[PDB]
Every structure is written in C-alpha cells, then in structure tokens.
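Taking it in order: structure first as structure tokens, then the write-up.
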Amino acid sequence: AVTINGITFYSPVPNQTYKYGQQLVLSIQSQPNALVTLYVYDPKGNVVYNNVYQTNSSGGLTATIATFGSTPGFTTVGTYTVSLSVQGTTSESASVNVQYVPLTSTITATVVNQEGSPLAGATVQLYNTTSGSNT
Amino acid sequence: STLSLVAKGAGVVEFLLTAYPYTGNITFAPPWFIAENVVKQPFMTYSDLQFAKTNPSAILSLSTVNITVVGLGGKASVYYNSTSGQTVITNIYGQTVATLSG
Amino acid sequence: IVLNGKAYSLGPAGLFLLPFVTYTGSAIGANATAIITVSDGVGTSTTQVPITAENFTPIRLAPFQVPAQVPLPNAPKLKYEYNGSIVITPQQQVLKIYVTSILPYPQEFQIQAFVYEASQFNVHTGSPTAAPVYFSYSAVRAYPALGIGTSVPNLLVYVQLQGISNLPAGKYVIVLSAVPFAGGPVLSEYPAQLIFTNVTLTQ
C-alpha cells in the first residue's frame, strides 16, 4: 500500500488503470475527523463525481465512489485526477493520475448454400432496428 | 459474573517502538510511526477469570490473547495465545509464524 | 521479533515504518533497492540506488523562507499551506526550496514540478482542478556529503525547467513533490509535498 505521507492509501495507487464497469472504492486509512473532499475529475477537469467524507476513529473510510463505464465522464479516455482536498486547519492535497479503457462491438454474417461452399458476392445489409425503424 | 475486573483497562502500544532495524547493522533508531493510527488497546481473556470477576483491581499474572497493531495493508498482532498455551505470533497480513509450547 | 535469539517474522517492516512509498505499485521501504534505467539524449546510463533501513528519516520539502537545517515535524505530514508569495524576477528561471533531512541521505530521486494556474488550482481548496498543464522534473541526485563545504546533506534545491519558454508570466500554484526516480527510493513525510499558493511567475 502507497502512502504520500498522511494518507495511507490502501487504494488507489498511482498510475492505475480502472476498467469498464469497475468500482472505485475509496479505501484510505487517514487522519480522524477531517473533511475529505474527493473530487473525481474526468480528463476534461470537471467533477463527474464529488463527495465530502470523514474518516472514522479506526481511520478507514469505505465508500464506493464511482461506477466507471456507466456514467457520462467515466466514458472518456485519458488521465483523471483523483484529487483529495483534505480540509482540516491546515489543508493538504493528493493527485492520482488514473485511466479508463474504451469499447466497441463486432457482428458476423455467414452464408452457405446446399453444396456447402461459401458464396462470394452475397450483399448483407445490417440495419440498427433498435429504434423500431431501419437505422 | 464479569463485573469489575483485573485487566479492566488495557496496555498501550507505542508508536515509536522498542524495535530496532537490521540490514547489516542492528544499530539505529528509525522513525517508527505505525502508519496512520494504531486503533489501540490490547484485550485479554483474564488468566484467573473466575475470581478476577470479583477483583476490584488486583495484580495477577495475566496471559494476553491480543495485542492491537494497525499500519499499512493489514494489521499485526502479538499474543500469548492462552487457549493452546502457545505463543502465537502473527504478521501484518497475518499468519502464525510460531506456535511455541508453554 | 527476535525473542531469546530466535527470529519470529512479523511481516513487511516498511509497513511498520514511515517513510514508505509504493510508487506506481512498486513497493520501496527499508531493505530495498531501485535499479533505475536512464536512457537519455546522451545515450544511456543506468544508476543503482540501494536503500538501507538505517537511511530512514523523513524527506521534507520546506520553502526558501525556512532555513535548510531547520525541520518542520510540527507542520503536517502531507502538505503545509505556504500562503506567502515568491517573486520570481525575469533574471530567475529557477524555483528555490530547501529539502531538509537530518541524516546523511544518499538516495537519488527527483522533484516533479507540476505547474498549474491558480484557476487550475483553486486557491480556496487543495484541488489541482485538472491533469498537469505542464510537467518538468529535476532529478536531484542527493549527496550524503562530498565534504560539508562541497555538498551538505541539507540541500539547496534549485529546480531548473526546460520550457520556461513554454511557460510565460502568470499567477501559478505549483506542486513540487519529493517523487521516486521512476522506480527510485522510499521518500517523503513532514511534509511530503510543498504547494505554493500565491506565486507569480514573471518572464
């Protein structure tokens, strides 16, 4: 486990890649009773998640932060800044440069005849009929 | 019944330890700051429990079945595990490295 | 715990100590090593930075204003709010701080200089409000002593920047961080970073 000292970050660790659908859970053994505003900035520098927590007597915070890949802003590729702004009397900071992966999909069309030889020249039109009209 | 007890308080586990380092030299006292809170306080199944139950505070010779140490990753503990009468020593991810008879 | 002469392992000792750093997932503490590649414009070299339990001591970043041999262990572990104003005149291309360590300390490392606007770091919070707008590093190769009078284990750290013609005038908040040298030593504490809030660069 990493620590930029004052925060025992059980997670995240610097330069970590989060997946499609994966949960950030903010597990940081830090100093009791402080105002821990985690700004989960996306790569455009706006707060797609933001919430102010407070570490308990043990010191562990447990909070599932973000559901990546299922919220706008956890859809955009590049370096997020997972920024703790720790407000006590004397404020402290943390900058964690974390990533995300993109996606796309692929479909197949196979043709065959009664002679068992794949035809060459059969046109196959693929429309997106989800809307209820041939997109 | 458990009312007033011996060992009703609990130990202290200091942050700066009675530990020494090693690499090739045993000497030096490195900052032991056991990271970001020990959450404190040894707990113990009293050795002579049944009569300790009625002791307001007396001086016995206890056998201590937890010592609380919490740093990075997991938490370590040390204790003379009174149940099999065997000193259990553990790690900060926790495995019994030692069962030492009596 | 070596009880009566018989070593009884208690798990990783770096987790009982501070400093400890698992920088980029690669854990470094007491009884560690960094072999570091440095393949550069002059060719390639490779330093080796072996870490010893008894090099342990916090590595502070303290500003100019604080003398070099004067510690701050009663300021925070992570960042102390420097609310003063460094005036960088245009004869200066260099940011002056004292890295304070009161032990012989040989471990080679760097300072990452992540420059930000003070609208790119809200000066009413401790938020760097985006990804570094420009990054430039200074590999500060510490010296245990080359003789006090030659190099001192209390270092005058003069962060020079390439692209101080890629940085023009403006009110910055700069984040200097005692950073491992891309897989380098254990570092940092009291305070681990220094963040300079009413700076005004002038070129």
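Residue numbering restarts at 1 for every chain of the structure tokens, chains are lettered A, B, ... in their displayed order, and ligands are numbered from 1 as they appear.
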Identify every residue of chain C that has at least one atom within 10 Å of any atom of chain A, counting only C-alpha atoms, and report the result as a PDB file with C-alpha atoms, in the first residue's frame.
```
ATOM      1  CA  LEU C  15       4.516  -1.113   6.522  1.00  0.00           C
ATOM      2  CA  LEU C  18       7.096   5.681   7.682  1.00  0.00           C
ATOM      3  CA  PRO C  19       8.594   6.667   5.240  1.00  0.00           C
ATOM      4  CA  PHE C  20       7.024   4.113   2.944  1.00  0.00           C
ATOM      5  CA  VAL C  21       6.154   4.525  -0.669  1.00  0.00           C
ATOM      6  CA  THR C  22       4.531   2.045  -3.117  1.00  0.00           C
ATOM      7  CA  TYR C  23       5.159   4.378  -6.037  1.00  0.00           C
ATOM      8  CA  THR C  24       3.423   3.291  -9.235  1.00  0.00           C
ATOM      9  CA  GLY C  25       2.643  -0.099  -7.471  1.00  0.00           C
ATOM     10  CA  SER C  26       6.317  -0.854  -6.877  1.00  0.00           C
ATOM     11  CA  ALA C  27       6.982  -1.001  -3.073  1.00  0.00           C
ATOM     12  CA  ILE C  28      10.012   0.519  -1.584  1.00  0.00           C
ATOM     13  CA  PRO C  58      11.550  11.916   6.748  1.00  0.00           C
ATOM     14  CA  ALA C  75       3.744  21.011  10.307  1.00  0.00           C
ATOM     15  CA  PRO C  76       1.765  18.314   8.509  1.00  0.00           C
ATOM     16  CA  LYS C  77       2.973  15.003   7.008  1.00  0.00           C
ATOM     17  CA  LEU C  78       1.488  15.730   3.576  1.00  0.00           C
ATOM     18  CA  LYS C  79       1.253  19.400   2.692  1.00  0.00           C
ATOM     19  CA  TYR C  80       1.688  22.619   4.751  1.00  0.00           C
ATOM     20  CA  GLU C  81      -0.143  25.750   3.275  1.00  0.00           C
ATOM     21  CA  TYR C  82       2.558  28.158   2.118  1.00  0.00           C
ATOM     22  CA  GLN C 120      -6.228  25.411 -12.469  1.00  0.00           C
ATOM     23  CA  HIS C 124      -9.667  28.286  -1.887  1.00  0.00           C
ATOM     24  CA  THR C 125      -9.138  24.424  -1.760  1.00  0.00           C
ATOM     25  CA  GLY C 126      -6.394  21.926  -2.104  1.00  0.00           C
ATOM     26  CA  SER C 127      -7.614  20.873  -5.592  1.00  0.00           C
ATOM     27  CA  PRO C 128      -5.449  20.560  -8.678  1.00  0.00           C
ATOM     28  CA  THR C 129      -8.554  21.004 -10.849  1.00  0.00           C
ATOM     29  CA  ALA C 130      -7.115  19.197 -13.848  1.00  0.00           C
ATOM     30  CA  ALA C 131      -4.222  16.979 -15.079  1.00  0.00           C
ATOM     31  CA  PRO C 132      -0.849  18.786 -15.087  1.00  0.00           C
ATOM     32  CA  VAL C 175       3.073  21.412  -6.903  1.00  0.00           C
ATOM     33  CA  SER C 177       6.696  16.654  -4.831  1.00  0.00           C
ATOM     34  CA  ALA C 178       9.521  14.628  -3.433  1.00  0.00           C
ATOM     35  CA  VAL C 179       8.948  11.838  -6.187  1.00  0.00           C
ATOM     36  CA  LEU C 187      10.922   9.233   0.328  1.00  0.00           C
ATOM     37  CA  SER C 188       8.551  11.812   1.885  1.00  0.00           C
ATOM     38  CA  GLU C 189       6.982  12.964   5.180  1.00  0.00           C
ATOM     39  CA  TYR C 190       6.739  16.185   7.247  1.00  0.00           C
ATOM     40  CA  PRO C 191       5.662  17.443   4.627  1.00  0.00           C
ATOM     41  CA  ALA C 192       5.655  15.151   1.576  1.00  0.00           C
ATOM     42  CA  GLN C 193       4.850  17.912  -0.907  1.00  0.00           C
ATOM     43  CA  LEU C 194       5.059  21.632  -0.916  1.00  0.00           C
ATOM     44  CA  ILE C 195       2.397  23.577  -2.686  1.00  0.00           C
TER      45      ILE C 195
END
```
Taking only C-alpha atoms into account, produce a table as CSV in which each residue of chain C with an atom at most 7 Å from an atom of chain B appears once, together with its shortest atom pair and the distance in Å to one decimal, ordered by chain and rising number.
```
residue,atom,partner,partner_atom,distance
C:8,CA,B:97,CA,6.6
C:9,CA,B:97,CA,6.7
C:10,CA,B:91,CA,4.1
C:11,CA,B:91,CA,4.6
C:15,CA,B:72,CA,4.9
C:16,CA,B:34,CA,4.9
C:17,CA,B:32,CA,4.9
C:18,CA,B:33,CA,5.7
C:31,CA,B:23,CA,6.1
C:52,CA,B:23,CA,6.6
C:53,CA,B:23,CA,6.2
C:54,CA,B:28,CA,6.1
C:56,CA,B:30,CA,5.5
C:57,CA,B:31,CA,6.6
```
Exercise: residue C:164 partners within 12 Å, only C-alpha atoms, chain neighbours under 3 positions left out, as a PyMOL selection string: chain C and resi 88+90-95+115+134-136+159-161+167-169+201-203
Residue C:200 environment, 6 Å, only C-alpha atoms, sequence neighbours closer than 4 positions dropped, as an MDAnalysis selection string: chainID C and resid 170:172
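Using only C-alpha atoms for every distance, the candidate list A:104, A:33, A:17, A:58 yields A:58 as the residue closest to chain B.
You can rank A:23, A:106, A:71, A:30 by their closest distance to chain B using only C-alpha atoms, and at the top of that list sits A:30.
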